[PDB]
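Structure first, then comments.
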Amino acid sequence: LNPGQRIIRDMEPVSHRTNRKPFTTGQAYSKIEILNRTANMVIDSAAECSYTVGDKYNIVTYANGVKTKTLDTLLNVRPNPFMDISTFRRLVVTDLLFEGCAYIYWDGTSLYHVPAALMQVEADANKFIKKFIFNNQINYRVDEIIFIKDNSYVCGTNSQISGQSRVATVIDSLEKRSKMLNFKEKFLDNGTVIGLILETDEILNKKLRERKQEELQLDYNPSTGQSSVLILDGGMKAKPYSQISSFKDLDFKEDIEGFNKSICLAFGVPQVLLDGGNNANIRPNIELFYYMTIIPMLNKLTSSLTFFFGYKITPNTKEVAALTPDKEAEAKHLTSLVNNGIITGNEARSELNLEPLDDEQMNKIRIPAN
Amino acid sequence: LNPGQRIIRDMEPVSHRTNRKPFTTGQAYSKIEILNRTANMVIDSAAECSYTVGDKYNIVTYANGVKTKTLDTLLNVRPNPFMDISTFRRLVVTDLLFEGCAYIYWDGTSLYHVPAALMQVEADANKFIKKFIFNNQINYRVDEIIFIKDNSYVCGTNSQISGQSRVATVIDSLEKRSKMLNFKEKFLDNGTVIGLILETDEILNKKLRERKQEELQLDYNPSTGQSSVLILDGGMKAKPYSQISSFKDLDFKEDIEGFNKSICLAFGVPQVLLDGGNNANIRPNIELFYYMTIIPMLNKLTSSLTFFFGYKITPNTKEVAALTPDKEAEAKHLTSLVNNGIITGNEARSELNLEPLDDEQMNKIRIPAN
Amino acid sequence: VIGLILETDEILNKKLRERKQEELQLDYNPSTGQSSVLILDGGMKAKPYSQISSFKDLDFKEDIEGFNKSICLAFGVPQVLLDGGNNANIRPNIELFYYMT
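Chains as they are written, first to last, in the UniProt record's numbering: chain A, 11 to 380; chain B, 11 to 380; chain C, 203 to 303.
Listed below in structure tokens is the structure:
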């Protein structure tokens, strides 16, 4: 046991909600299209990757007596007798994203989801965590909650608990982008556009002055008029005016592009995926996105699962439509291994997502020799 | 024993925390998003690399009697009876990053984590280190704590104690970038936009003047108007004004890009990882990131581990999704090695992350000979 | 940073002058205002001022890049290692760094 755990409790007795302003985040996700699309692709991608359970670690875990097949079916087919697999996975991933942490309940035989927007974790004076408090009055325990924590540095010191919300960091950038974009719309709806100013030093009958004003407006526009010369009489003067604040000054494109690139940067999506990319970009960018962004996100979940159940669980995609291996190269390398005897044919079948055959000559290596 | 160790202790009796301002760093991590993404990539990438324990060094280390398999389980499956593997690695790496150093406690059988933001190291007049003081009154020892130090040159002389926090070098750049970015939104919300400036040397009825100023603004906006000509009567003049301080002057984009490269440079992540890259950019840049940045960072940890336990521990990834070898090239070199008899087939499978199979012909080198 | 410089050759009650200054500031900003034309009465003029020392003059970026290259030069680290490199850039530069430095 850790002799310094009680000081850890004293320095942070309870978890801290990190999505400091939730309503602004919800408003932006609802009515801002870069956050909407980026969060949607991240969550949907973290919902397509299947989980493959491995061997049993001969250790004591919080959940014991669960067989491999039951865990596999509840984790890849249907978690709860009442809820979907993709819905539950998306809920967990969106809790991990929009909130710092993500929480999953564990019944006797079913694996329920609990939102992290209301749960608060209370540290223990002795071990690691005393008891979770969902909103209030729940008081789950610890053996029945799967804890997913995204790394955080909140307040002075990092925390054994809680988590820092990825979406909560882009709120300032989203507000800046929205204000900067609304400024152009209001500038267009407000700024005045004129084509000609005439001046006279004597008052000339406001009614008739206005009538001549619309006469000049309609008559000297090539779409609706067929005149191009003015003969000003009586000393009326034409002031050579200029435009005060032209639209060319408001060059917000570069700043808006910077804000968009930053927002795509925080979630981790490459900018090429949202745009159109060449053949040299699409496959490497899909690989970079999925692996280096999502697979940490799912690795947190799978590590928490292998802590909770003791079964080695890893994010093994091998089936997502975005990372389907190149058929020619994959076939070439699998055939090379099969011919040269490194792997059996059945393993190649398993890699090709086929089903192994109960054949004799395939279950043993070829060993070409001669 | 070192004759000069007492002078070393006299020149620096105790360690000193190097993250001089923790709260500003926390607020930057929580509300500045380039820093969030860079730190998250570094920490998560430093949490995916598995650890392989090698042989036993016949030396007297601080931890004795620990079995190889028990150390492997503690270091790759479950460090604690109460906390995860990914969470533990993430805490250790974020302590190494945001603070200068990182500390890991060691019970008889459990390998607990302790924060480095609170704990101070006291040098020894004779050997190396008297003890470790966690805030106070705990007073761990040295025989039971694992010490991971990031190289530092603080004050006049470099220290065998303490350490330099990489993030603390970035706070000034973060403040500069935040101020520079806030200046643009404040300039937009504060600057004035004018369409016309009409003057008269005599007073024209403020109420009716304001009514005409609303009518004249709404009438000459082509979105909401059907007039474009002015007939100024009574001697009212139109001053040919010009915009005083246009927005085109504030060319902050290059400065903000410089500050973004500022933020990313200190952590070590290449700028291509954040953006999109070609076939020739993604995998080489991920290789640079992992190797050059992370693997020294985990090499500090593994060197401290091999000091503590005496077992050769190295960061052996071989499984991280972002460094999966090219299937075709990997197949080609493995098959060539197997055919030409340099390595056995079983160790080829081992390098393929599969399970070696107990065969008679495969356990020996093929020896092509003819 | 200034938007307007309106001038008057007579004194006009500092308190209300400041009040109208604030009102005309807030009114003629499209973000927080819904007006774009200004009618000046009483002989008040509008001086066509200009920006004295614009931020565009301070082009420090090239000098700052030179200083960064100079700092990275003394230690020996190639500039490609810190940035992103292609297949042709990255491994020869890692080799040059390790070996030569």
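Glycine included, each C-beta is placed from N, C-alpha and C at the ideal position.
At a beta-carbon threshold of 8 Å, the residues of chain A lying near C:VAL239 are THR202, ordered along the chain. In this structure, B:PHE277 sits near B:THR48, with a CB-CB distance shorter than 7 Å. Sequence-ordered contacts of the segment 187-217 of chain A with chain C read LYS189, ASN192, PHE193, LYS194, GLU195, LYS196, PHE197, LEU198, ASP199, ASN200, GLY201, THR202 [C-beta pairs closer than 9 Å]. For chain A, the residues of the segment 218-250 of chain C that bring a beta carbon within less than 8 Å of one of its beta carbons are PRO232, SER233, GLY235, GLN236, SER237, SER238, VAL239, in chain order.
Sixteen is the threshold: since fewer than 16 other Cβ atoms of the shown chains lie within 10 Å of the Cβ of B:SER346, the residue is exposed. Pairing A:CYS111 with A:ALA126 gives a Cβ-Cβ distance under 7 Å. DSSP places C:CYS274 in the helix class (H, G or I) of the three-state scheme. Only those residues of the segment 288-306 of chain B whose C-beta falls short of 8 Å from the nearest C-beta of chain A are listed: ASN288, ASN289, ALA290, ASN291, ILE292, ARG293, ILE296. Note that the C-beta distance between B:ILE305 and B:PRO325 is below 7 Å. Spatial neighbours of A:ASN309 in its own chain (CB-CB distance under 7 Å, excluding positions within 5 residues in sequence) are listed in chain order as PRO325. With distances taken between CA atoms, B:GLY245 lies nearest to B:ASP211 out of B:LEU85, B:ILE158, B:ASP211, B:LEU275. Sequence-distant partners of A:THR71 (beyond 5 residues in either direction) whose C-beta falls short of 8 Å from its own C-beta, in its chain, are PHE317, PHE318, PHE319, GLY320. Judged by DSSP secondary structure, B:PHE108 falls within the alpha helix (DSSP H) whose first and last residues are 95-108. When 8 Å is used as the limit between beta carbons, B:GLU338 is near no residue of chain C, the shortest such separation being about 16 Å.
Proximity of chain A to B:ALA127 at the Cβ level (cut-off 8 Å) is accounted for by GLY166, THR167, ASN168, in chain order. Residues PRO280, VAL282, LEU283, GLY287 of the same chain have their beta carbon placed closer than 7 Å to that of C:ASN295, with the five preceding and five following residues left out of the count. The beta carbons of B:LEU208 and B:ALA248 sit closer together than 7 Å. Not one beta carbon of chain B lies nearer than 7 Å to the beta carbon of A:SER55. By the Cβ neighbour-count rule, B:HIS343 is exposed, with fewer than 16 other Cβ atoms within 10 Å of its own. For A:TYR321, no Cβ of chain B is located within less than 7 Å of the residue's own Cβ. In the displayed model, B:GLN170 falls within coil according to three-state DSSP, outside both helix and strand. Beta-bridge partners of B:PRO325 (DSSP): B:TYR61.
Residue-level contact check: B:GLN174 does not touch chain A, since none of the beta carbons of chain A fall below 7 Å from its beta carbon. Excluding sequence positions up to five before and after B:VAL348, its CB lies within less than 6 Å of the CB of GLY355, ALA358, all in the same chain and listed in chain order.
Where B:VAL76 is concerned, there is no enclosing alpha helix (DSSP H), because DSSP gives it neither an H nor an E.
The Cβ neighbour count for A:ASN350, taken over all protein chains shown within 10 Å, is at least 16; the residue is labelled buried. If you draw a 10 Å sphere on the C-beta of A:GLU267, you find fewer than 16 other C-beta atoms in it, and that means exposed.
The alpha carbon of A:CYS165 has as its nearest neighbour, out of B:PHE108, B:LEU315, B:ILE213, B:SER172, the alpha carbon of B:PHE108.
For B:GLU43, the nearest CB of chain A lies under 7 Å from its own CB, placing it at the interface with that chain. Residue environment analysis places C:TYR300 among the exposed positions, since fewer than 16 neighbouring C-beta atoms fall within 10 angstroms of its C-beta.
Annotated three-state conformation of C:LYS249 is coil, per DSSP.
Taken in chain order, the complete alpha helix (DSSP H) segments of 4 residues or longer contained in the segment 213-249 of chain A are 216-229. C:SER238 places its beta carbon less than 7 Å from that of B:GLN227.
The beta carbon of A:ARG376 sits closer than 6 Å to those of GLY351, all from its chain and outside the five residues before and after it, given in chain order. Contact check for B:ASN270 and B:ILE44: beta-carbon distance about 6 Å, within the 8 Å limit, so the pair qualifies. Under the three-state reduction of DSSP output, B:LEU11 falls in the coil class, being neither helix nor strand.
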